[PDB]
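Below is one structure, written out as C-alpha cells, with a few remarks after it.
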Amino acid sequence: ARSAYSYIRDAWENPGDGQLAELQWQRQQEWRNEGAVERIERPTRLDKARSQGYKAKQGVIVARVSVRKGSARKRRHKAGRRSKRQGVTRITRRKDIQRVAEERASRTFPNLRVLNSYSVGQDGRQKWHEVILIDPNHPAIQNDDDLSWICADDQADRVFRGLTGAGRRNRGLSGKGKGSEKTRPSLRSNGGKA
Amino acid sequence: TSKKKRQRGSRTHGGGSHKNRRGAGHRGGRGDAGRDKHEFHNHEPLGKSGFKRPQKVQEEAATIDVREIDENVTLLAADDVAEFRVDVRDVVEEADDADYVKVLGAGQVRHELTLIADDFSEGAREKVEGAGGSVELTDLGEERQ
Amino acid sequence: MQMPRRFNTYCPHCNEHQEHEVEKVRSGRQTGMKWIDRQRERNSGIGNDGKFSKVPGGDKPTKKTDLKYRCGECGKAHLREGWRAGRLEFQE
RNA sequence: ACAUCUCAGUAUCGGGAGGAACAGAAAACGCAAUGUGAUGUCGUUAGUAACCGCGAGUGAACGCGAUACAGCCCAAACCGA
RNA sequence: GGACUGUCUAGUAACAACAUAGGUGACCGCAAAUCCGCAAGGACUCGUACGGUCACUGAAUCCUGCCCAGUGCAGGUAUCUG
Ligand SMILES: [Cl-]
Ligand SMILES: [Cl-]
Ligand SMILES: [Cl-]
Ligand SMILES: [Cl-]
Ligand SMILES: [K+]
Ligand SMILES: [Mg+2]
Ligand SMILES: [Mg+2]
Ligand SMILES: [Mg+2]
Ligand SMILES: [Mg+2]
Ligand SMILES: [Mg+2]
Ligand SMILES: [Mg+2]
Ligand SMILES: [Mg+2]
Ligand SMILES: [Mg+2]
Ligand SMILES: [Mg+2]
Ligand SMILES: [Mg+2]
Ligand SMILES: [Mg+2]
Ligand SMILES: [Mg+2]
Ligand code: NA
Ligand code: NA
Ligand code: NA
Ligand code: NA
Ligand code: NA
Ligand code: NA
Ligand code: NA
Ligand code: NA
Ligand code: NA
Ligand code: NA
Ligand code: NA
Ligand code: NA
Ligand code: NA
C-alpha cells in the first residue's frame with residue numbers, strides 16, 4: 001500500500017492546488033517576518049528530507065533559509081570596458097539560489113556540515129529552502145553506518161567546495177557522456193569552460 | 001663554418017638597413033594579416049564551398065590493384081593453389097577497420113586467378129576473365145541492387 | 001527601353017527554338033528558418049553584435065535586367081545575363 | 001584601424017579542504033554491433049569534426065595503446081520500538 | 001570696468017574673472033520635488049511653501065520692445081503610426 005509519505009510528496013507536486021495552497025498562503029506570512037536562517041524542529045516535507053538523508057536523531061539539524069529572487073546585484077563598470085562587458089541588467093550569477101541558501105546556512109552553524117536541501121516555495125520576491133545539517137562531532141552520528149562518512153576530514157566545509165548534491169549538479173556533472181567534456185573531473189582543471 | 005657563425009662584426013646580420021628588423025610591420029601584420037588586401041597573392045580565395053556528411057555515415061573501403069596480387073602469387077605459397085585461388089580479404093592490410101574490400105583493375109594479369117572479394121570493377125573483371133579466370137563476389141558483396 | 005512580351009528564341013529544355021514569355025522576377029518571401037536566421041539569434045547579446053549590427057548598403061544608379069524566360073510549350077523557365085536599363089516596359 | 005572575435009575564463013580579487021585534491025560504479029557509449037562496460041591520468045586520435053566580421057583566429061570527443069584497478073550504502077515496499 | 005567688504009591660478013595671471021545682497025523663472029503638499037547606494041539602506045530632515053531643491057541674472061536709479069517658423073519643455077489629441 002502507499003506509504004503515508006507518498007501523500008506529502010503528491011501534494012507538493014502542485015503547491016498551488018488544494019489544501020497545500022491555503023497552507024502556503026498562511027505560512028509565508030510568518031516566514032516573511034522571520035530571519036534569514038531559522039532553525040526548525042521538524043522538516044516541512046518529511047518525504048523529501050528522509051529521501052535525502054534525514055533522520056529523527058541527535059545531531060541532525062534543519063533550517064529554513066530565504067534568499068532574494070532574480071539576477072545578479074551587480075555594480076556598473078567604473079573604468080574602460082568594451083561594449084561586451086558593459087552589461088549590468090541581464091547578467092546572472094553562475095551559482096543557483098539553492099546553493100546560495102546552503103552556504104548562508106552552513107555559515108550560521110560553523111560546526112555542522114551540509115547534507116542536502118530542498119525547496120519549500122517562494123513568493124513574488126524571495127525563495128525559501130530547507131537545508132539539512134549534521135554535527136560531525138556528536139557520537140550518535142559517528143556510529144551511524146549511514147551518516148558516519150560525513151565525519152571525515154576531507155568532508156570539512158564540503159558545501160563551500162561544491163561537494164553538495166545541488167553543488168555537483170550546478171557544476172554540470174549530471175551527464176556521464178556527451179556534453180560533459182569540460183565539466184568532469186572539475187571545472188577548474190578544464191580551464192573554466194562551462 | 002655556418003652562416004650564423006660568421007655574423008659577428010656584420011652589424012646587420014643580413015637584414016639590410018638597421019631600420020628593417022623591428023616588429024610585425026616588417027612582416028605586414030601578425031600571422032595571416034592582409035590575406036585579402038596587401039598580401040592576397042598566392043592565397044586560396046575567400047569563401048564557402050560544399051558540405052560534409054556525418055562521419056558515422058561515411059565508409060572506408062580497402063583497395064588493391066590486380067598488379068599487386070599477380071606480382072606476388074608465386075611467393076604467396078601460403079594460399080590455395082587451384083587448377084590459383086586467393087581470398088582477397090586475407091591479403092589486404094588495414095582490412096579490420098574497413099567497411100569492405102574492393103579489387104581494382106590496374107596492371108596486367110599473366111595468370112589464371114580465382115578471386116574472392118566484396119566488390120570488383122569492370123577493368124578488374126575483364127582482366128581476370130581475360131586470363132581465363134573467375135571472380136567470386138562475397139556474401140557481403142550481395143549488396144548490389 | 002521597350003521589349004516584346006512574347007517572342008521566339010532557344011529553349012535549353014526542349015532543345016529547339018520556341019515562343020517564350022517574358023516576366024519580371026518577383027521576390028520570394030523569406031521563411032526565416034535558414035541557418036543565417038539562426039546564427040543571428042544565437043550570436044546576438046550584450047553589446048555590439050558584429051556583422052548583425054551593420055545596416056543595409058546602398059544603390060547603384062542603374063540596375064541590370066532581372067528576367068524569367070518561359071517556354072510556351074514545355075512551360076519551364078530559364079534565366080539569362082542582364083543588362084543595365086533605367087526602365088523596362090513590355091509590349092503587349 | 002575597429003565594435004563580434006582575440007589576448008582569456010588569463011592577471012587580480014572573495015570563500016574553502018588535503019597530504020595530495022577533485023572525479024567515480026551508466027536515465028553511459030553509438031568503430032550500429034552477435035559490439036564496449038566506474039573514474040582519473042599518459043600516448044594517440046587531430047589541428048581531424050565543430051566554431052568564426054566564414055576574416056584573423058579558435059578547437060573537442062567516441063575508439064585505440066598504456067598506467068592503475070574495486071566496488072558498494074540509502075529512501076520506499078513488507079515489518080513497527 | 002566691476003556696485004561695495006570678500007574669493008582665486010600653493011610654485012610667472014589678484015584682474016574687468018568667481019562670490020554677494022538684490023531681480024527672475026522652474027519643480028514639489030511631504031509615501032513630495034532633488035540627490036546617493038549593487039542591495040540592506042541613506043542626505044536634504046529635530047526641515048513642511050514666509051519651505052528647499054534646480055537654474056539664470058548680478059547693489060541702487062530709469063527701463064527691459066517684436067518673433068513660437070526651427071530646436072527644447074509642457075498640455076491635448078477625432079484620425080494615422082505604434
Ligand atoms: Cl559544509
Ligand atoms: Cl563528406
Ligand atoms: Cl527587370
Ligand atoms: Cl566500443
Ligand atoms: K578588446
Ligand atoms: Mg585532475
Ligand atoms: Mg546586442
Ligand atoms: Mg577561448
Ligand atoms: Mg581585416
Ligand atoms: Mg563521443
Ligand atoms: Mg570689485
Ligand atoms: Mg601663481
Ligand atoms: Mg589684488
Ligand atoms: Mg602674483
Ligand atoms: Mg561677474
Ligand atoms: Mg539671485
Ligand atoms: Mg533668489
Ligand atoms: Na559549517
Ligand atoms: Na559552456
Ligand atoms: Na638576408
Ligand atoms: Na637590424
Ligand atoms: Na606577411
Ligand atoms: Na581585396
Ligand atoms: Na578498431
Ligand atoms: Na550558443
Ligand atoms: Na588605434
Ligand atoms: Na566572430
Ligand atoms: Na575689509
Ligand atoms: Na519657435
Ligand atoms: Na516651439
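Each residue, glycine too, has its Cβ placed from N, Cα and C.
Database features, via Swiss-Prot:
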- C:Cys11, C:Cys14, C:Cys71, C:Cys74: Zn(2+) binding site (BINDING)
- C:11-74: zinc finger (ZN_FING)
- C:22-63: region 'Disordered' (REGION)
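Sorting the binding-site residues C:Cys14, C:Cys71, C:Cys74 by the number of other Cβ atoms within 10 Å puts C:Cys71 first.
Counting residue by residue with DSSP, the zinc finger (C:11-74) contains 13 helix, 15 strand, 36 coil.
Note: none of the binding-site residues C:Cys11, C:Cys14, C:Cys71, C:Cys74 has a C-beta at a distance under 8 Å from a chain A C-beta. Those same-chain residues not listed among C:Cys11, C:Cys14, C:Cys71, C:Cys74 yet with C-beta within 8 angstroms of the centroid of the Zn(2+) site C-beta atoms are C:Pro12, C:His13, C:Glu16, C:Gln18, C:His20, C:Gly72, C:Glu73, C:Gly75, C:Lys76.
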